[PDB]
Amino acid sequence: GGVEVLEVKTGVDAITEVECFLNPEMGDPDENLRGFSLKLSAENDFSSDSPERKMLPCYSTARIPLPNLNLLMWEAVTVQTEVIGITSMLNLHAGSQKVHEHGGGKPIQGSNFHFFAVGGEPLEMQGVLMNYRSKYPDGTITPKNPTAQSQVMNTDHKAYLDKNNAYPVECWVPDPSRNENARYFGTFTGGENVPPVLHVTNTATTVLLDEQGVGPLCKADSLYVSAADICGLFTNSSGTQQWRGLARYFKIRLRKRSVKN
Amino acid sequence: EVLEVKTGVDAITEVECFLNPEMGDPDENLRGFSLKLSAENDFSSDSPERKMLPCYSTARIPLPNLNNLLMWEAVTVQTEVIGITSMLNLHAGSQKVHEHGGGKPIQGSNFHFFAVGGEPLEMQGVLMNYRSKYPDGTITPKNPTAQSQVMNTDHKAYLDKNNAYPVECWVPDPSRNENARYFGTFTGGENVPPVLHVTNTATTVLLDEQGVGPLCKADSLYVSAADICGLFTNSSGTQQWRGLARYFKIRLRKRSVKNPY
Amino acid sequence: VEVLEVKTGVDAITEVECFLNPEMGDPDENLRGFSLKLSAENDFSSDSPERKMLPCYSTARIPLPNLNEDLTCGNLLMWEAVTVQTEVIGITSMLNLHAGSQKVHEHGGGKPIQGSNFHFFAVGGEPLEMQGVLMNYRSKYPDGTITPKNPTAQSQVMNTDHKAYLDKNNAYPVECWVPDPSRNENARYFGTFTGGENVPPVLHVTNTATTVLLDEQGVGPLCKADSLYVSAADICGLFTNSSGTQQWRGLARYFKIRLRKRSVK
Amino acid sequence: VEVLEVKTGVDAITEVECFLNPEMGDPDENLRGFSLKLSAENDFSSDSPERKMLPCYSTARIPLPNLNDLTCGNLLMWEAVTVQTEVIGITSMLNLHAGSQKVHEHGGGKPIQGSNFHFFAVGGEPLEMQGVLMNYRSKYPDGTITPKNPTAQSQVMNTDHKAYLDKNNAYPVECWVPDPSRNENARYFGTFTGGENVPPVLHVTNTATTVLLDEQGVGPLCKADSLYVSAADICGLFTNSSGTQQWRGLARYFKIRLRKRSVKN
Amino acid sequence: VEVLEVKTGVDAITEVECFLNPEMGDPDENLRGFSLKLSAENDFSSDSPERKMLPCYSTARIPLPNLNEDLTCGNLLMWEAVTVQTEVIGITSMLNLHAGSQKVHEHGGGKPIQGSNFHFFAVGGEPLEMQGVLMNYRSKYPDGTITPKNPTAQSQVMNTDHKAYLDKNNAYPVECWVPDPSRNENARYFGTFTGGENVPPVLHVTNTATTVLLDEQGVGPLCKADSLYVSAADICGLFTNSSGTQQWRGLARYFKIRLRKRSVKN
Ligand SMILES: [Ca+2]
Ligand SMILES: [Ca+2]
Ligand SMILES: [Ca+2]
Ligand SMILES: [Ca+2]
Ligand SMILES: [Ca+2]
Ligand SMILES: [Ca+2]
Ligand SMILES: [Ca+2]
Ligand SMILES: [Ca+2]
Ligand SMILES: [Ca+2]
Ligand SMILES: [Ca+2]
Ligand SMILES: [Ca+2]
Ligand SMILES: [Ca+2]
Ligand SMILES: [Ca+2]
Ligand code: NA
Ligand code: NA
């Protein structure tokens, strides 16, 4: 969302600044519950595990188009990123189960995953499943023809994050054996009672240069941003639980680089 | 366009202030607390009272008139949350932890935030529930939609008024604030312990990557804060936010600039 | 004070070593280091805590080797505090789970001390400057304590009337006062508050750790009238008796402070 | 091995990439990456865990481009300089719909949580291990390699229990640790976090590198042109809807950068 | 000391390696590394813990190459400890949840070791200097222990009468004594106490970590009488038996210390 691209060229020197956000793809079970999943089911036998599409958070991604240009290529040098709306979880009056008789609502808590990537091509993913026998729904892209080895490392499960709201977060991780032309960062914190801990500051910049001083190079003059920001579980007054996600901001600086094809 | 730092005898000034917390102040005696929290309101019928909603605090601090032109440049800040030991009173009002025990400490979700800028803090609105009906005397996202639960770029505001912008509705906007520095941490959960450090030896440098601090437009500095420490649980089981004031000491220097006009 | 140069070498350096005992309330002669059992659920309009229930800040004034014996030589010296090594004394005493504490379950050991804690020290050349802040401005504080006077609802946030020196040991309740960040130009203070029923005490000891007390201009606290001021509060958590009653437990703090002679105008 | 100069030539650098699958017990063909359900409350005199209940260390020998023989010219060995490593599949624990006990009526499944151990090593020879037992009287199964001649002293430090991690899916994690008295030619890193309610906390990034050079600037030297990687990544316990519990493990990726080093022998 | 290796190379350097066993109480011959089960709720006026219930500090004197035939010199050569590498041994043993421990719930695995823990080591040129502090000054400590003498209520805070040397292994209860920050001029010590009934043990191992033992003047512990002292306490937490009874569990600690010869003022 909100993609803005600015190229400034003075002679030899060309800079592009990209600003955008990615909305989260938590499942959106109805139009009013944008940012949430469908309520979670539980205790499905591994042999009869058929999760509904709207229950499954997916990775977010966007292809950002750059000024269409040894080759000259756009090189991503820095990123500033932030999770947007962390204070929204201070609403304990709407929908959440009371913590006790006469108390306020229960904060969002529980397992969470915060992840982003910036690359010159789609993020390369490796599939790993909790249960290889899970039957995934139409509209998801999940590991093809999985086996019990898919519960550990099965090198058959290679994919590109090339479609928004399609690759379930539970099925896929960034592939550390690939991604030579992207930088990715994620933290998984698991557990029923895990507190969300989120920091915001406009003073943080991540440098995307590798050990040789080279950033992601934008093949075919396109930049890819990717995210997943599952903040935890929202517990309804009935006890049902729904994932809650938040959008992620990106500001990326790129420069024009002459490079070996 | 920034030129050189002025290096006279009177080229430095120090500003000190504190910001009181704006938790809701539900009666004349409960300054620093919110109204007791409601719970389990349907998203379609969520009408929080004003005194239940903590707000961001801010102050415009007028600076010596200087005047192509000189502007005050904020270089460092020392800041501290004031009165953290008041939470060691476990005899007053709080529910016993168990039969024969002391009162329950303040605990639960918290948010600690401050900013220093040369202009008002720029905010982005994000809601837990876009259908919340916010009370008279609050400034909340205007004409929100389900997209306001994720990122809706319509929701831009300046923190220009005290006791107005609820913390649950607004975050510092990472797409703006070019002339401010902000820092916040949200920690969510029923059982989160407050962890607060005080020392007069800690300094935050406000200079950006180019060595430039916030520049005080119109010879005014803006400080902003929110310090929701957690929930106070009354002996009845009702819960109220507790906030604390924030101290600021800002060092500024005179900076020559080309009038940007 | 206009600060000039550090004085040279040999006897230009002194070390002060001391400890501060904790002031937790000491409800009987056998329970030194503990508070009285905590009360709970007092209405804000009828909150009258007993003295022995209220931990207080510890403080001492340490007299330093006399400088400026030669009053009219026109070269004025003050001791400058440069470094401190400090730690909490007796942290392993909390491994006694056989005495007094409630069993964790049938046949189990005693419950460890845990819960809200506050660890704080300061080193200054004058008394520590405090700001009063109350949970409940209507609290009626007992004889023997020094607490914010004539408080109002504003005293629950920031009321600038409540300024005091930490000028008496075992008198200023920790729950009423904090170091004032708007003052203390001639002291350094450090504190961490961790609140909650189930917080674990986490305490580190090492004789290899040093805190430098010099400010941004390289100047440490300057000891007015050849006096060094140490202050502490080390509330370790709550001790839960077999009945379920709870008492604060505190421990002493050690200080080793290195000072040098500083010329001043 | 006496090290001489780093070689700087054209083919002086190589990269090895691999992953190690976890060895959690694999109690049936469908439950790769899990252990058998845990037994509990076995007397120390009658503790005989089944093989499928015991997570084991993973290890592999990685062959390197052949160098070299003192009679066949100059001596060269690969030196491991850096490693990039991470745990693969951490997001799979976001499946709370399959198998796991509901957290409460109408709730989602219980996340994997509880005791965990994350460990890796890179060496020029097999990892050297020291045996330590919870209970020296534990009878370990066919197919495992456990401390030989265990005694009560094996519950603390029995220097008899020395082994090389030279076999995958054989050395139970609960019986063995890396030996800090050996491993002169390897680097190892591990963290154990124990408890019923411990949250898994796992970071991934392709920007993180661990330098394997020692204080003299020397990395693991790959004897016989082989590198050894070792891992254990027990992520926590999976709680079935019945209340039974199973360990869950995940694979570990390694990318190791090596350079050619001249050596005397 | 379970095992000791002392190597003095051609280059006037000594490397000392040892493993120091924990002293948790050892209530029977099969429960090495554990304490006796804990008692609870003893009145402060009737608190008489049994010896086997009380973990004690571990210590050993390590003999070094005897340097000075001519002890009657104004300058002496002494061993100077420069670095230490240390590790807690056997942390993965706590992954045994099948033996002895109470089930977490019906059909579950055993309860992990958890609760209060203390991890401590020291390297010195002489015995570790200790300060006594008691939870309860009226505790009656058993035969075979060395505990603060003639304690008073001040012994529950700081009573400077309680000075001791850690001069006996398996004798000084951890609950009674701490390293004395007012002494130990010729030793370095490091400890972390984490208290609480549900605390998770968190233990890291790596052979890449080294602690430098030099003071601010670049001088390490100087080994008086050609002896080095290592000291430890590694209480990992409580083991909960299926009955509900609890026992401390401890682990051994490895030391690798590098020393050099220093000419010093007699
Ligand atoms: Ca599909
Ligand atoms: Ca690769
Ligand atoms: Ca591209
Ligand atoms: Ca601060
Ligand atoms: Ca302004
Ligand atoms: Ca009396
Ligand atoms: Ca008495
Ligand atoms: Ca030959
Ligand atoms: Ca060795
Ligand atoms: Ca050895
Ligand atoms: Ca080899
Ligand atoms: Ca001393
Ligand atoms: Ca000695
Ligand atoms: Na008192
Ligand atoms: Na196996």
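All chains are named by letter (A, B, ...) in the order of the sequence lines, taking the proteins before the strands, and each is independently numbered beginning at 1. Atoms within each ligand, like the ligands themselves, are counted from 1 in listed order. Note: hydrogens, waters and symmetry copies are ignored here, and every other heavy atom, side chains too, is used.
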Flag, side chain of C:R188 to backbone of C:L213, donor-acceptor distance under 3.5 Å: yes
Quick one: sort the E:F121 and E:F190 rings into parallel, tilted or perpendicular, breaks at 30° and 60°. parallel
Donor-acceptor check, side chain of C:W177 to backbone of C:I146, threshold 3.5 angstrom: yes or no? yes
Keeping to distances under 3.0 Å, can you name the protein N/O/S atoms close to the Na ion (ligand 14)? C:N170 OD1
Holding to salt bridge (charged side-chain N to carboxylate O under 4.0 Å, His left out), I want the full list of residues that pass it with E:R183, two or more places apart in sequence or in another chain. E:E129, E:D180
Any sub-3.5 Å donor-acceptor pair from C:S58's side-chain atoms to C:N21's backbone N or O? yes
Which residues and atoms, counting only protein N, O or S, are under 3.0 Å from the Ca ion (ligand 12)? C:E17 OE2, E:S182 O, E:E185 OE2
N-O pairing of D:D11 and D:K260 below 4.0 Å: yes
Quick one: which residue pairs count as a salt bridge (charged side-chain N to carboxylate O under 4.0 Å, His left out) with a foot in residues 29-39 of chain C, not counting sequence neighbours? C:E23-C:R32, C:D26-C:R32
Just by distance, with hydrogens left out, do C:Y57 and C:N170 show a side-chain donor and acceptor under 3.5 Å apart? no
Is there a donor-acceptor pair closer than 3.5 Å between any side-chain N or O of C:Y172 and the backbone N or O of C:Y165? yes
